[PDB]
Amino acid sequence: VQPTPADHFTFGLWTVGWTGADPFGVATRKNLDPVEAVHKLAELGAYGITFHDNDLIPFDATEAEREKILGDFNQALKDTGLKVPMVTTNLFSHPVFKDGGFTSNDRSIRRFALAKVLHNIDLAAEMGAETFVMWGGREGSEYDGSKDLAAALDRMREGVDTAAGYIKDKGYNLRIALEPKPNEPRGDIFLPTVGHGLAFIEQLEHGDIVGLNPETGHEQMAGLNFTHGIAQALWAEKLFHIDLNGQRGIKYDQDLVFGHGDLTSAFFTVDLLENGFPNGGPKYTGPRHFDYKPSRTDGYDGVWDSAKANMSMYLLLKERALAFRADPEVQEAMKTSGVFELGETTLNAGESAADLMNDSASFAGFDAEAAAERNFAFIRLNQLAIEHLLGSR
(Lines of atoms letter the chains of each structure in order from A and count residues from 1; the text may use other names and numbers.)
(Lines give C-alpha, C1' and ligand atoms only; values in the text may rest on other atoms or scores of the structure.)
Protein backbone atom coordinates (compact mmCIF):
# COMPACT_ATOMS: atom_id res chain seq x y z
CA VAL A 1 0.00 0.00 0.00
CA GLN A 2 3.10 1.89 -1.10
CA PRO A 3 2.65 2.44 -4.87
CA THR A 4 5.37 1.43 -7.31
CA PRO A 5 5.78 1.89 -11.09
CA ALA A 6 4.38 -1.61 -12.03
CA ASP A 7 1.05 -0.42 -10.54
CA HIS A 8 0.92 1.97 -13.55
CA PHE A 9 -0.45 5.03 -11.83
CA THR A 10 -0.38 7.96 -14.28
CA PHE A 11 -1.43 11.52 -13.35
CA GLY A 12 -2.35 14.43 -15.61
CA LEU A 13 -0.36 17.71 -15.23
CA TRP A 14 -3.64 19.64 -15.07
CA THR A 15 -4.86 17.69 -12.00
CA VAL A 16 -2.14 18.63 -9.45
CA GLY A 17 -1.57 21.90 -11.31
CA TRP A 18 -5.30 22.89 -11.02
CA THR A 19 -4.99 26.15 -9.12
CA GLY A 20 -8.62 26.42 -7.99
CA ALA A 21 -10.58 28.66 -10.29
CA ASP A 22 -14.17 27.42 -10.43
CA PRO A 23 -17.13 29.33 -11.99
CA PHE A 24 -17.70 31.35 -8.75
CA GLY A 25 -14.07 32.23 -7.84
CA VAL A 26 -10.40 32.73 -8.58
CA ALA A 27 -7.47 30.39 -8.10
CA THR A 28 -6.51 29.73 -4.49
CA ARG A 29 -3.09 28.23 -5.21
CA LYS A 30 0.01 29.49 -7.07
CA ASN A 31 0.85 27.96 -10.48
CA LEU A 32 2.68 24.65 -10.34
CA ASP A 33 5.87 24.49 -12.40
CA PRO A 34 5.79 21.40 -14.65
CA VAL A 35 9.41 20.32 -13.85
CA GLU A 36 8.51 20.39 -10.12
CA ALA A 37 5.31 18.44 -10.98
CA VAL A 38 7.42 15.68 -12.63
CA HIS A 39 9.88 15.52 -9.71
CA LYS A 40 7.10 15.49 -7.10
CA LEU A 41 5.06 12.73 -8.84
CA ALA A 42 8.10 10.49 -9.57
CA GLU A 43 8.85 10.60 -5.80
CA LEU A 44 5.26 9.67 -4.78
CA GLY A 45 5.51 6.51 -6.92
CA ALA A 46 3.83 7.55 -10.16
CA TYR A 47 4.73 5.67 -13.26
CA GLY A 48 3.93 8.43 -15.72
CA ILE A 49 2.55 11.87 -16.35
CA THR A 50 0.10 12.96 -19.04
CA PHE A 51 -0.67 16.48 -20.35
CA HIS A 52 -2.71 18.62 -22.67
CA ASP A 53 -0.64 20.54 -25.30
CA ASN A 54 -1.46 23.91 -23.61
CA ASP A 55 -0.76 22.49 -20.08
CA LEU A 56 2.97 22.56 -20.94
CA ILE A 57 3.14 24.91 -23.91
CA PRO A 58 1.24 28.18 -23.82
CA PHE A 59 -1.15 28.89 -26.69
CA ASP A 60 0.94 31.99 -27.54
CA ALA A 61 4.43 30.50 -27.22
CA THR A 62 6.87 31.16 -30.02
CA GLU A 63 8.93 28.26 -31.41
CA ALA A 64 11.95 29.15 -29.21
CA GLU A 65 9.71 29.12 -26.07
CA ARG A 66 8.27 25.73 -27.12
CA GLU A 67 11.88 24.39 -27.58
CA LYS A 68 12.92 25.81 -24.21
CA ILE A 69 9.86 24.39 -22.32
CA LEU A 70 10.17 20.91 -23.93
CA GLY A 71 13.95 20.73 -23.21
CA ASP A 72 13.49 21.33 -19.45
CA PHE A 73 10.54 18.90 -19.43
CA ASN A 74 12.43 16.17 -21.29
CA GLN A 75 15.38 16.69 -18.89
CA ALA A 76 12.95 16.27 -15.93
CA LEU A 77 11.48 13.04 -17.43
CA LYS A 78 15.06 11.76 -17.97
CA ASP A 79 16.16 12.67 -14.44
CA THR A 80 13.14 10.79 -12.98
CA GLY A 81 12.28 7.99 -15.43
CA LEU A 82 8.59 9.04 -15.65
CA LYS A 83 7.02 7.96 -18.94
CA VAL A 84 4.39 10.02 -20.84
CA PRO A 85 1.77 7.38 -21.73
CA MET A 86 -1.03 9.61 -23.00
CA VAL A 87 -1.15 13.03 -24.63
CA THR A 88 -4.27 15.13 -25.35
CA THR A 89 -5.19 18.48 -26.92
CA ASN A 90 -6.88 21.52 -25.40
CA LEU A 91 -9.86 22.15 -27.72
CA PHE A 92 -11.97 23.88 -25.04
CA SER A 93 -10.23 26.78 -23.28
CA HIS A 94 -9.51 29.59 -25.74
CA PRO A 95 -12.59 31.64 -26.75
CA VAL A 96 -12.26 30.32 -30.38
CA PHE A 97 -13.57 26.90 -29.21
CA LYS A 98 -16.77 28.42 -27.71
CA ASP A 99 -18.85 26.19 -30.10
CA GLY A 100 -16.34 23.30 -30.38
CA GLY A 101 -13.27 22.19 -32.18
CA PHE A 102 -14.35 19.55 -34.69
CA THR A 103 -18.11 20.36 -34.61
CA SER A 104 -17.84 24.13 -34.45
CA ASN A 105 -20.51 25.72 -36.65
CA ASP A 106 -17.74 27.94 -38.15
CA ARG A 107 -15.72 25.97 -40.73
CA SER A 108 -12.52 27.99 -40.18
CA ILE A 109 -12.49 27.01 -36.44
CA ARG A 110 -12.97 23.28 -37.47
CA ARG A 111 -9.86 23.47 -39.73
CA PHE A 112 -7.87 25.27 -36.97
CA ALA A 113 -8.97 22.67 -34.39
CA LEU A 114 -8.12 19.71 -36.64
CA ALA A 115 -4.67 21.32 -37.38
CA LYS A 116 -4.16 21.86 -33.53
CA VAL A 117 -4.76 17.98 -33.28
CA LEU A 118 -2.44 16.85 -36.14
CA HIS A 119 0.46 18.92 -34.69
CA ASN A 120 -0.25 17.35 -31.24
CA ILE A 121 -0.19 13.79 -32.71
CA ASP A 122 3.36 14.59 -33.91
CA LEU A 123 4.30 15.71 -30.35
CA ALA A 124 2.51 12.60 -28.91
CA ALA A 125 4.64 10.25 -31.10
CA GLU A 126 7.83 12.18 -30.10
CA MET A 127 7.04 11.71 -26.36
CA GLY A 128 6.38 7.96 -26.81
CA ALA A 129 2.70 8.17 -25.71
CA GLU A 130 0.68 5.07 -26.79
CA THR A 131 -2.69 6.79 -26.46
CA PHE A 132 -4.01 10.06 -27.82
CA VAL A 133 -7.11 11.11 -25.89
CA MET A 134 -9.80 13.25 -27.42
CA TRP A 135 -12.24 14.85 -24.99
CA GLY A 136 -14.77 16.83 -27.11
CA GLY A 137 -15.82 19.12 -24.22
CA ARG A 138 -17.25 22.03 -26.24
CA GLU A 139 -18.93 19.89 -28.89
CA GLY A 140 -22.64 20.22 -28.38
CA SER A 141 -25.33 22.73 -27.61
CA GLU A 142 -27.34 24.53 -25.02
CA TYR A 143 -30.35 24.84 -27.43
CA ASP A 144 -31.86 22.04 -29.56
CA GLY A 145 -31.79 24.25 -32.63
CA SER A 146 -28.13 25.29 -32.46
CA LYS A 147 -27.09 22.32 -34.64
CA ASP A 148 -27.81 20.04 -37.43
CA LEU A 149 -27.46 16.80 -35.45
CA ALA A 150 -26.45 14.59 -38.43
CA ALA A 151 -23.89 17.19 -39.64
CA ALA A 152 -22.33 17.36 -36.15
CA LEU A 153 -21.74 13.56 -36.28
CA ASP A 154 -20.39 13.81 -39.89
CA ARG A 155 -18.09 16.69 -38.81
CA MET A 156 -16.99 14.67 -35.71
CA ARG A 157 -16.35 11.58 -37.85
CA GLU A 158 -14.33 13.66 -40.35
CA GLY A 159 -12.13 15.08 -37.66
CA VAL A 160 -11.50 11.74 -35.94
CA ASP A 161 -10.91 9.72 -39.17
CA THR A 162 -8.54 12.38 -40.55
CA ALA A 163 -6.50 12.15 -37.32
CA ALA A 164 -6.57 8.27 -37.38
CA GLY A 165 -5.58 8.07 -41.10
CA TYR A 166 -2.66 10.45 -40.26
CA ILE A 167 -1.41 8.06 -37.46
CA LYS A 168 -1.62 5.16 -39.92
CA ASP A 169 0.14 7.20 -42.67
CA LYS A 170 3.05 8.21 -40.40
CA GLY A 171 3.30 4.77 -38.78
CA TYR A 172 2.89 6.05 -35.18
CA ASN A 173 2.11 3.37 -32.56
CA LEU A 174 -0.70 5.41 -31.12
CA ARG A 175 -4.33 4.71 -30.55
CA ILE A 176 -7.08 7.27 -30.16
CA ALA A 177 -9.33 7.20 -27.15
CA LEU A 178 -12.55 9.24 -27.13
CA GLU A 179 -13.76 10.40 -23.80
CA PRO A 180 -17.53 10.61 -23.48
CA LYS A 181 -19.18 13.20 -21.19
CA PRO A 182 -22.89 13.95 -20.67
CA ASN A 183 -22.59 17.67 -20.08
CA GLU A 184 -20.43 20.53 -18.81
CA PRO A 185 -19.27 22.81 -20.26
CA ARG A 186 -22.06 22.49 -22.88
CA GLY A 187 -25.57 21.79 -21.56
CA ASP A 188 -25.62 18.60 -23.82
CA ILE A 189 -22.26 17.09 -25.21
CA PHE A 190 -22.21 14.79 -28.37
CA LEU A 191 -21.42 11.15 -27.50
CA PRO A 192 -22.64 11.69 -23.98
CA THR A 193 -21.92 8.18 -22.51
CA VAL A 194 -19.79 5.05 -23.09
CA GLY A 195 -22.35 3.49 -25.54
CA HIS A 196 -22.66 6.65 -27.71
CA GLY A 197 -18.85 6.68 -27.88
CA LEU A 198 -18.74 2.93 -28.66
CA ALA A 199 -21.53 3.17 -31.29
CA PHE A 200 -19.84 6.19 -32.84
CA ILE A 201 -16.50 4.27 -33.41
CA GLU A 202 -18.34 1.57 -35.47
CA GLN A 203 -19.25 4.23 -38.15
CA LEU A 204 -15.67 5.43 -38.58
CA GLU A 205 -13.48 4.35 -41.42
CA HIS A 206 -10.42 4.00 -39.16
CA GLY A 207 -12.35 2.50 -36.21
CA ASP A 208 -9.69 -0.21 -35.69
CA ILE A 209 -7.34 2.24 -33.92
CA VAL A 210 -10.14 4.17 -32.12
CA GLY A 211 -11.30 3.11 -28.64
CA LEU A 212 -12.52 4.76 -25.42
CA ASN A 213 -11.43 6.62 -22.31
CA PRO A 214 -14.38 6.44 -19.86
CA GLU A 215 -14.28 8.47 -16.71
CA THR A 216 -15.84 7.53 -13.38
CA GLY A 217 -17.53 10.93 -12.83
CA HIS A 218 -18.75 11.42 -16.38
CA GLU A 219 -21.00 8.28 -16.37
CA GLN A 220 -22.11 9.06 -12.82
CA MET A 221 -23.23 12.51 -14.12
CA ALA A 222 -25.86 10.64 -16.18
CA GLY A 223 -26.54 8.21 -13.27
CA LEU A 224 -24.96 5.21 -14.89
CA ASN A 225 -23.16 2.33 -13.34
CA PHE A 226 -19.48 2.89 -14.06
CA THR A 227 -18.59 -0.83 -13.62
CA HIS A 228 -21.26 -1.88 -16.10
CA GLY A 229 -20.09 0.70 -18.76
CA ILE A 230 -16.41 -0.27 -18.57
CA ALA A 231 -17.49 -3.95 -18.68
CA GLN A 232 -19.19 -3.24 -22.07
CA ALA A 233 -16.19 -1.29 -23.40
CA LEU A 234 -13.88 -4.20 -22.32
CA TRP A 235 -16.35 -6.71 -23.77
CA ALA A 236 -16.08 -4.91 -27.19
CA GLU A 237 -12.26 -4.60 -26.83
CA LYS A 238 -12.35 -0.84 -26.76
CA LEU A 239 -11.24 0.03 -23.21
CA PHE A 240 -7.98 1.75 -24.25
CA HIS A 241 -7.53 4.05 -21.31
CA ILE A 242 -9.33 4.81 -18.13
CA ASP A 243 -9.74 7.95 -15.97
CA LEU A 244 -10.54 7.43 -12.25
CA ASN A 245 -11.78 10.05 -9.84
CA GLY A 246 -14.79 10.39 -7.58
CA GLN A 247 -18.21 11.95 -7.90
CA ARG A 248 -21.06 12.25 -5.43
CA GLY A 249 -24.24 12.32 -7.53
CA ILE A 250 -25.66 14.11 -10.53
CA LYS A 251 -24.32 17.64 -10.26
CA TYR A 252 -21.38 19.58 -11.63
CA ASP A 253 -18.14 17.66 -12.40
CA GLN A 254 -16.63 17.30 -8.86
CA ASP A 255 -13.30 15.60 -9.80
CA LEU A 256 -12.65 14.13 -6.34
CA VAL A 257 -10.10 11.56 -5.40
CA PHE A 258 -10.86 8.07 -6.55
CA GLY A 259 -12.78 6.47 -3.67
CA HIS A 260 -14.13 9.78 -2.31
CA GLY A 261 -17.31 9.61 -4.46
CA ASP A 262 -19.15 6.26 -4.72
CA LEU A 263 -17.12 3.87 -2.69
CA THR A 264 -18.90 0.56 -3.20
CA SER A 265 -18.84 1.31 -6.98
CA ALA A 266 -15.10 2.24 -6.80
CA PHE A 267 -14.59 -1.14 -5.12
CA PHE A 268 -16.27 -3.16 -7.90
CA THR A 269 -14.50 -1.00 -10.54
CA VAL A 270 -11.15 -2.02 -8.97
CA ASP A 271 -12.37 -5.72 -8.75
CA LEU A 272 -12.96 -5.57 -12.63
CA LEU A 273 -9.63 -3.84 -13.49
CA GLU A 274 -7.66 -6.11 -11.15
CA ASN A 275 -9.57 -9.43 -11.21
CA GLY A 276 -11.47 -9.26 -14.48
CA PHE A 277 -14.51 -11.47 -15.07
CA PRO A 278 -15.58 -14.39 -12.80
CA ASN A 279 -15.84 -16.96 -15.66
CA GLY A 280 -12.83 -15.41 -17.46
CA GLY A 281 -12.62 -13.06 -20.40
CA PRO A 282 -10.85 -9.81 -21.21
CA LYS A 283 -8.63 -7.93 -18.81
CA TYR A 284 -7.51 -4.28 -19.07
CA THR A 285 -3.73 -3.91 -18.67
CA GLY A 286 -3.22 -0.22 -19.52
CA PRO A 287 -2.50 2.64 -17.14
CA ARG A 288 -4.62 3.63 -14.18
CA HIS A 289 -4.89 7.35 -14.75
CA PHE A 290 -6.14 9.75 -12.16
CA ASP A 291 -8.07 12.69 -13.62
CA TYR A 292 -9.29 14.62 -10.59
CA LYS A 293 -8.81 18.00 -8.84
CA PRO A 294 -7.34 18.76 -5.41
CA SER A 295 -10.07 20.66 -3.61
CA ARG A 296 -9.63 24.46 -3.64
CA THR A 297 -9.96 24.77 0.16
CA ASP A 298 -6.55 23.13 0.61
CA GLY A 299 -3.00 24.38 0.15
CA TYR A 300 -0.11 22.54 -1.60
CA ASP A 301 0.25 19.96 1.24
CA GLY A 302 -3.33 18.91 0.30
CA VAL A 303 -2.31 18.72 -3.43
CA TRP A 304 0.43 16.09 -2.63
CA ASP A 305 -1.89 14.50 0.00
CA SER A 306 -4.61 14.23 -2.65
CA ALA A 307 -2.14 12.65 -5.19
CA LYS A 308 -1.02 10.09 -2.52
CA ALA A 309 -4.74 9.49 -1.60
CA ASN A 310 -5.60 8.39 -5.19
CA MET A 311 -2.91 5.64 -5.13
CA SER A 312 -3.68 4.64 -1.49
CA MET A 313 -7.41 4.25 -2.23
CA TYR A 314 -6.74 2.11 -5.32
CA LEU A 315 -4.33 -0.18 -3.26
CA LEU A 316 -6.73 -0.52 -0.29
CA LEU A 317 -9.56 -1.43 -2.73
CA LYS A 318 -7.24 -3.88 -4.55
CA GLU A 319 -6.39 -5.88 -1.38
CA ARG A 320 -10.04 -5.99 -0.27
CA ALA A 321 -11.13 -7.07 -3.80
CA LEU A 322 -8.33 -9.79 -3.93
CA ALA A 323 -9.34 -11.14 -0.49
CA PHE A 324 -13.03 -11.08 -1.52
CA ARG A 325 -12.50 -13.14 -4.61
CA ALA A 326 -10.13 -15.55 -2.83
CA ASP A 327 -12.69 -16.13 -0.05
CA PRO A 328 -14.24 -19.60 -0.22
CA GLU A 329 -17.44 -18.39 1.42
CA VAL A 330 -17.68 -15.80 -1.41
CA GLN A 331 -16.92 -18.42 -4.08
CA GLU A 332 -19.79 -20.71 -2.85
CA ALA A 333 -22.17 -17.67 -2.42
CA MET A 334 -21.29 -16.87 -6.15
CA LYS A 335 -22.13 -20.49 -7.07
CA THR A 336 -25.51 -20.41 -5.25
CA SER A 337 -26.39 -17.06 -6.88
CA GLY A 338 -25.64 -18.45 -10.36
CA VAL A 339 -22.65 -16.26 -11.22
CA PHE A 340 -20.84 -19.24 -12.91
CA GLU A 341 -24.14 -20.52 -14.42
CA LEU A 342 -24.41 -17.34 -16.53
CA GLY A 343 -21.14 -18.45 -18.20
CA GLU A 344 -22.86 -21.52 -19.70
CA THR A 345 -24.35 -21.01 -23.14
CA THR A 346 -28.14 -21.04 -23.26
CA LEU A 347 -28.31 -23.49 -26.15
CA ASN A 348 -26.67 -26.93 -26.16
CA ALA A 349 -23.75 -27.43 -28.61
CA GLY A 350 -25.39 -27.97 -32.01
CA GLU A 351 -28.89 -26.95 -30.81
CA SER A 352 -30.84 -24.75 -33.19
CA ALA A 353 -33.61 -22.26 -32.56
CA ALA A 354 -36.12 -24.80 -34.04
CA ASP A 355 -34.64 -27.49 -31.72
CA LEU A 356 -35.28 -25.36 -28.56
CA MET A 357 -38.79 -24.16 -29.62
CA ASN A 358 -39.94 -27.73 -30.02
CA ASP A 359 -38.09 -29.11 -26.98
CA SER A 360 -41.02 -29.76 -24.60
CA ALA A 361 -38.89 -29.49 -21.42
CA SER A 362 -37.67 -25.93 -22.28
CA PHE A 363 -41.10 -24.46 -22.98
CA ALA A 364 -44.35 -26.48 -23.33
CA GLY A 365 -43.65 -28.70 -20.31
CA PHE A 366 -41.47 -26.17 -18.44
CA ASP A 367 -42.69 -25.52 -14.91
CA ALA A 368 -42.34 -21.73 -14.60
CA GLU A 369 -43.74 -21.58 -11.05
CA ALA A 370 -41.20 -24.12 -9.72
CA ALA A 371 -38.39 -22.23 -11.56
CA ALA A 372 -39.62 -18.92 -9.94
CA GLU A 373 -39.01 -20.37 -6.41
CA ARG A 374 -35.19 -20.14 -6.70
CA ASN A 375 -33.40 -18.10 -4.06
CA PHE A 376 -30.81 -16.10 -6.12
CA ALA A 377 -29.38 -14.89 -2.74
CA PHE A 378 -28.07 -11.61 -4.20
CA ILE A 379 -28.45 -9.67 -0.93
CA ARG A 380 -26.26 -12.15 1.04
CA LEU A 381 -23.75 -12.06 -1.76
CA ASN A 382 -23.93 -8.21 -1.73
CA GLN A 383 -23.42 -8.31 2.02
CA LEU A 384 -20.28 -10.48 1.78
CA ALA A 385 -18.77 -7.98 -0.73
CA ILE A 386 -19.38 -5.09 1.70
CA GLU A 387 -18.00 -7.02 4.72
CA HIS A 388 -14.83 -7.63 2.59
CA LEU A 389 -14.83 -3.89 1.67
CA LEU A 390 -15.12 -2.87 5.38
CA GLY A 391 -12.16 -5.12 6.16
CA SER A 392 -14.22 -7.24 8.49
CA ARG A 393 -13.70 -10.68 6.90
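Just count from 1 along the sequence shown to find any residue number.
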| query | finding |
| --- | --- |
| Average Cα temperature factor in the PDB entry - higher stretch of 282 to 290, 165 to 173 | 165 to 173 |
| Stretch with the higher entry mean CA B-factor, where the candidates are 118 to 126 and 194 to 202 | 118 to 126 |
| Largest Cα B-factor, entry values, listed residues 76, 149, 134, 231 | 76 |
| Given 100, 302, 246, 276, the residue at which the Cα B factor reaches its maximum | 302 |
| Relative C-alpha B-factor of residue 318, binned into the chain's lowest, middle or highest third | middle |
| Entry-reported Cα temperature factor of residue 50, expressed as the chain third it lands in | middle |
| Chain thirds of CA B-factor: placement of residue 296 | middle |
| Third of the chain's Cα B-factor distribution that residue 208 belongs to, per the entry | highest |
| Third assignment of residue 178 from its chain's C-alpha B-factors | lowest |
